[PDB]
Amino acid sequence: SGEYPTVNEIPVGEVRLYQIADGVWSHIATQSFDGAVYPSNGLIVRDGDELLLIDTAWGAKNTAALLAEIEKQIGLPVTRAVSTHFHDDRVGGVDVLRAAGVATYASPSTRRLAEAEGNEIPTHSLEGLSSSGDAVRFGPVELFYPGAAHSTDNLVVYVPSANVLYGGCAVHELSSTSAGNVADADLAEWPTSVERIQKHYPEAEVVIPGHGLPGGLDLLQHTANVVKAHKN
Ligand SMILES: C[C@@H](c1cccc2c(-c3ccc(=O)[nH]c3)c(C(=O)O)[nH]c12)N1C[C@]2(C[C@@H](CN)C2)OC1=O
Ligand SMILES: [Zn+2]
Ligand SMILES: [Zn+2]
């Protein structure tokens with residue numbers, strides 16, 4: 001009823017949307033992995049009379065529910081989607097999107113890693129993002145490669161119209177006490193990559209993590225702290 005949704009307020013197999021700013025929503029879904037339940041976030045950005053989707057809802061059925069929730073709450077067509085790294089909470093559901101007529105995009109590095117690991121594979125390659133600090137425009141957002149962090153391929157997304165920074169899983173929520181799932185992370189480079197984000201988006205007003213509650217710029221420094229301490 002207004003608060004940011006958690007696993008406790010999302011019906012089973014359901015998706016909720018949360019208005020972040022004018023023409024910017026996050027989407028929140030729930031999924032089970034290795035016997036535990038987790039929330040995860042993505043982004044929706046108005047693209048004129050179309051919508052740009054950032055990341056799936058972690059699963060084919062979740063992502064079908066996501067499209068239905070978008071049509072119910074927003075009513076504009078999702079035409080393009082970007083996956084910010086190769087894990088299932090970012091690409092799981094790309095096959096559903098592609099069959100729905102959504103054009104799916106990711107960096108070549110993400111597409112390679114998804115294919116190698118048996119995850120669903122976005123159709124289109126996003127060039128110009130292979131060196132840390134690279135940035136390219138994509139409809140109403142800027143895509144930024146900060147360097148290796150939560151994964152070697154993780155991208156972040158900035159909505160300049162609203163100064164919204166979508167950090168993806170390279171950014172953790174403030175309540176985070178751990179670095180999350182670090183199976184594919186580079187703990188040594190992660191703080192340097194967060195520093196690049198901080199330097200590049202100093203005017204960010206909202207910071208959205210890959211999982212958990214949005215906040216302000218403090219999420220960036222907190223993420224660095226938790227990752228450095230995890231490594232220690
Ligand atoms: C699908 C994703 C995933 C699954 C379950 C939980 C998480 C969390 C997380 C978030 C908060 C928290 O408190 N704990 C855990 C994150 C995260 O931090 O982004 N990712 C999760 N995967 C799977 C995988 C691939 C590898 C295969 N060998 C394992 O590495 C991942 O990042
Ligand atoms: Zn991940
Ligand atoms: Zn994640």
# chains A, B, ... in the order shown; residues from 1 in each chain; ligands from 1

$ closest_atom_pairs --of "range 61-119 of chain A" --to "range 146-152 of chain A" --cutoff "10 Å" --atoms "only C-alpha atoms" --output "tab-separated table"
residue	atom	partner	partner_atom	distance
A:84	CA	A:151	CA	9.9
A:85	CA	A:151	CA	7.2
A:86	CA	A:151	CA	8.4
A:87	CA	A:151	CA	9.0
A:109	CA	A:152	CA	8.3
A:110	CA	A:152	CA	8.7
A:113	CA	A:152	CA	9.6

$ select_by_dssp --residues "range 155-210 of chain A" --states "strand (DSSP E)" --output "ChimeraX atom specification"
/A:156-159,164-168,206-209

$ write_last_selection --atoms "C-alpha atoms" --output "compact mmCIF listing (two decimals), in the first residue's frame"
# COMPACT_ATOMS: atom_id res chain seq x y z
CA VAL A 156 24.44 -0.05 -14.86
CA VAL A 157 21.70 2.16 -16.25
CA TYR A 158 21.09 5.89 -15.76
CA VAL A 159 17.85 7.71 -16.57
CA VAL A 164 17.73 7.64 -11.48
CA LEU A 165 20.72 5.29 -11.16
CA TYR A 166 19.83 1.62 -11.64
CA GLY A 167 22.88 -0.17 -10.28
CA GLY A 168 21.82 -3.71 -10.94
CA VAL A 206 17.62 7.55 -6.59
CA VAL A 207 19.83 4.46 -6.56
CA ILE A 208 18.17 1.11 -7.27
CA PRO A 209 19.93 -2.16 -6.31

$ select_by_dssp --residues "chain A" --states "alpha helix (DSSP H)" --output "count of residues only"
59

$ residues_around --residues "residue 82 in chain A" --least-positions-apart "3" --cutoff "8 Å" --atoms "only C-alpha atoms" --output "number ranges by chain"
A: 52-55, 104-106

$ residues_near_ligand --ligand "ligand 1" --cutoff "9 Å" --atoms "only C-alpha atoms and all ligand atoms" --output "short mmCIF file (atom, residue, chain, number, x, y, z; two decimals) with N, CA, C and O atoms, in the first residue's frame"
data_model
loop_
_atom_site.label_atom_id
_atom_site.label_comp_id
_atom_site.auth_asym_id
_atom_site.auth_seq_id
_atom_site.Cartn_x
_atom_site.Cartn_y
_atom_site.Cartn_z
N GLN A 31 11.63 -15.25 -6.55
CA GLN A 31 12.03 -16.52 -7.14
C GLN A 31 12.76 -17.36 -6.10
O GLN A 31 13.39 -16.84 -5.18
N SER A 32 12.67 -18.67 -6.28
CA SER A 32 13.39 -19.62 -5.43
C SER A 32 14.65 -20.08 -6.14
O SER A 32 14.65 -20.31 -7.35
N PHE A 33 15.73 -20.20 -5.37
CA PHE A 33 17.02 -20.63 -5.91
C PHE A 33 17.76 -21.38 -4.82
O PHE A 33 18.01 -20.82 -3.75
N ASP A 34 18.10 -22.64 -5.09
CA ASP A 34 18.83 -23.47 -4.13
C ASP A 34 18.11 -23.50 -2.78
O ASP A 34 18.74 -23.50 -1.72
N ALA A 36 15.94 -21.32 -1.32
CA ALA A 36 15.63 -20.08 -0.61
C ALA A 36 14.94 -19.12 -1.57
O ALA A 36 15.15 -19.18 -2.78
N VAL A 37 14.12 -18.24 -1.00
CA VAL A 37 13.33 -17.29 -1.78
C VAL A 37 13.99 -15.92 -1.70
O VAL A 37 14.42 -15.47 -0.63
N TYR A 38 14.07 -15.24 -2.85
CA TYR A 38 14.71 -13.95 -2.97
C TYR A 38 13.85 -13.00 -3.79
O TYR A 38 13.19 -13.44 -4.75
N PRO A 39 13.84 -11.72 -3.45
CA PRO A 39 13.29 -10.71 -4.36
C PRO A 39 14.34 -10.29 -5.38
O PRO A 39 15.54 -10.51 -5.21
N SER A 40 13.86 -9.67 -6.46
CA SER A 40 14.78 -9.06 -7.41
C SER A 40 14.07 -7.94 -8.14
O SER A 40 12.85 -7.97 -8.33
N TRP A 58 13.17 -12.67 -13.54
CA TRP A 58 13.76 -13.89 -12.98
C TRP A 58 12.87 -15.10 -13.22
O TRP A 58 12.33 -15.68 -12.27
N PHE A 86 24.46 -11.71 -17.08
CA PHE A 86 24.08 -12.97 -17.71
C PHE A 86 23.34 -13.94 -16.79
O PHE A 86 22.96 -15.02 -17.25
N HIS A 87 23.11 -13.59 -15.53
CA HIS A 87 22.47 -14.51 -14.60
C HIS A 87 20.96 -14.56 -14.81
O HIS A 87 20.36 -13.70 -15.46
N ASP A 88 20.35 -15.61 -14.24
CA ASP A 88 18.95 -15.92 -14.49
C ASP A 88 18.01 -14.80 -14.04
O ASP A 88 16.93 -14.65 -14.61
N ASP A 89 18.39 -14.03 -13.02
CA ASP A 89 17.53 -12.94 -12.58
C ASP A 89 17.60 -11.74 -13.51
O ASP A 89 16.92 -10.74 -13.26
N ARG A 90 18.39 -11.83 -14.58
CA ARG A 90 18.51 -10.78 -15.59
C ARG A 90 18.08 -11.23 -16.97
O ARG A 90 17.54 -10.43 -17.73
N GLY A 92 16.60 -14.66 -17.44
CA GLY A 92 15.57 -15.67 -17.36
C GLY A 92 14.20 -15.08 -17.64
O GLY A 92 13.68 -14.30 -16.85
N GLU A 117 26.78 -20.74 -20.15
CA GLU A 117 26.26 -21.24 -18.88
C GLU A 117 24.89 -21.88 -19.01
O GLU A 117 24.36 -22.39 -18.02
N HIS A 150 29.94 -7.43 -9.31
CA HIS A 150 29.14 -8.61 -9.01
C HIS A 150 29.36 -9.69 -10.06
O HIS A 150 29.34 -10.89 -9.74
N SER A 151 29.55 -9.28 -11.32
CA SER A 151 29.98 -10.15 -12.40
C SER A 151 30.91 -9.35 -13.30
O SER A 151 31.01 -8.12 -13.18
N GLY A 168 21.78 -2.29 -10.74
CA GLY A 168 21.82 -3.71 -10.94
C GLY A 168 22.47 -4.37 -9.74
O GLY A 168 22.59 -3.80 -8.66
N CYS A 169 22.92 -5.60 -9.95
CA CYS A 169 23.45 -6.40 -8.86
C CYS A 169 24.86 -5.99 -8.46
O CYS A 169 25.40 -6.53 -7.48
N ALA A 170 25.47 -5.04 -9.17
CA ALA A 170 26.70 -4.41 -8.70
C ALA A 170 26.46 -3.49 -7.51
O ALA A 170 27.44 -3.05 -6.89
N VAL A 171 25.21 -3.19 -7.18
CA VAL A 171 24.86 -2.29 -6.08
C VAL A 171 23.92 -3.02 -5.14
O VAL A 171 22.94 -3.64 -5.59
N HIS A 172 24.21 -2.96 -3.85
CA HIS A 172 23.42 -3.63 -2.83
C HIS A 172 22.60 -2.60 -2.05
O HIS A 172 22.93 -1.41 -2.00
N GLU A 173 21.53 -3.09 -1.42
CA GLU A 173 20.68 -2.23 -0.61
C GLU A 173 21.35 -1.93 0.73
O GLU A 173 22.27 -2.62 1.17
N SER A 176 21.75 -4.40 3.49
CA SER A 176 22.61 -5.54 3.18
C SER A 176 23.72 -5.69 4.21
O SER A 176 24.43 -4.73 4.52
N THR A 177 23.85 -6.90 4.75
CA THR A 177 24.96 -7.26 5.62
C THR A 177 25.99 -8.12 4.91
O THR A 177 27.07 -8.36 5.46
N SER A 178 25.69 -8.60 3.70
CA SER A 178 26.57 -9.47 2.96
C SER A 178 26.63 -9.00 1.51
O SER A 178 25.80 -8.20 1.06
N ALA A 179 27.61 -9.51 0.78
CA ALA A 179 27.80 -9.17 -0.62
C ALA A 179 26.89 -9.97 -1.55
O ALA A 179 27.12 -9.97 -2.77
N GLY A 180 25.87 -10.65 -1.02
CA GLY A 180 24.95 -11.37 -1.88
C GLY A 180 25.58 -12.63 -2.44
O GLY A 180 26.43 -13.27 -1.81
N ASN A 181 25.16 -13.00 -3.65
CA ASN A 181 25.73 -14.15 -4.34
C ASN A 181 26.97 -13.69 -5.10
O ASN A 181 26.86 -13.00 -6.12
N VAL A 182 28.14 -14.08 -4.61
CA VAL A 182 29.41 -13.63 -5.16
C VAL A 182 30.08 -14.73 -5.99
O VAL A 182 31.28 -14.67 -6.24
N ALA A 183 29.31 -15.72 -6.45
CA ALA A 183 29.89 -16.86 -7.15
C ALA A 183 30.74 -16.41 -8.34
O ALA A 183 31.79 -16.99 -8.61
N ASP A 184 30.29 -15.39 -9.07
CA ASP A 184 30.96 -14.94 -10.28
C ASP A 184 31.53 -13.54 -10.14
O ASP A 184 31.82 -12.88 -11.14
N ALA A 185 31.74 -13.08 -8.91
CA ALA A 185 32.16 -11.71 -8.65
C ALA A 185 33.67 -11.57 -8.72
O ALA A 185 34.42 -12.55 -8.68
N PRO A 209 19.09 -0.96 -6.29
CA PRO A 209 19.93 -2.16 -6.31
C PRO A 209 19.28 -3.27 -7.13
O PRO A 209 18.10 -3.23 -7.47
N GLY A 210 20.10 -4.28 -7.45
CA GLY A 210 19.57 -5.44 -8.15
C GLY A 210 18.58 -6.22 -7.32
O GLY A 210 17.68 -6.86 -7.86
N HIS A 211 18.74 -6.18 -5.99
CA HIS A 211 17.80 -6.79 -5.06
C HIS A 211 17.63 -5.86 -3.87
O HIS A 211 18.61 -5.35 -3.34
N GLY A 212 16.38 -5.63 -3.48
CA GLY A 212 16.10 -4.89 -2.27
C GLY A 212 15.64 -3.46 -2.51
O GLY A 212 15.23 -3.08 -3.61
#

$ residues_around --residues "residue 188 in chain A" --least-positions-apart "5" --cutoff "9 Å" --atoms "only C-alpha atoms" --output "ChimeraX atom specification"
/A:149,227-228,231

$ closest_residue --among "A:162, A:78, A:20, A:10" --to "residue 214 in chain A" --atoms "only C-alpha atoms"
A:20

$ residues_around --residues "residue 18 in chain A" --least-positions-apart "3" --cutoff "8 Å" --atoms "only C-alpha atoms" --output "number ranges by chain"
A: 4-5, 25-28

$ residues_around --residues "range 127-130 of chain A" --least-positions-apart "4" --cutoff "7 Å" --atoms "only C-alpha atoms" --output "list in words"
residues 107, 134, 135, 136 and 145 of chain A

$ write_last_selection --atoms "C-alpha atoms" --output "PDB file, in the first residue's frame"
ATOM      1  CA  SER A 107      26.533  -6.746 -24.279  1.00  0.00           C
ATOM      2  CA  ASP A 134      32.328   3.110 -21.483  1.00  0.00           C
ATOM      3  CA  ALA A 135      28.875   4.609 -21.959  1.00  0.00           C
ATOM      4  CA  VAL A 136      26.313   4.422 -24.766  1.00  0.00           C
ATOM      5  CA  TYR A 145      30.037  -0.456 -17.947  1.00  0.00           C
TER       6      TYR A 145
END
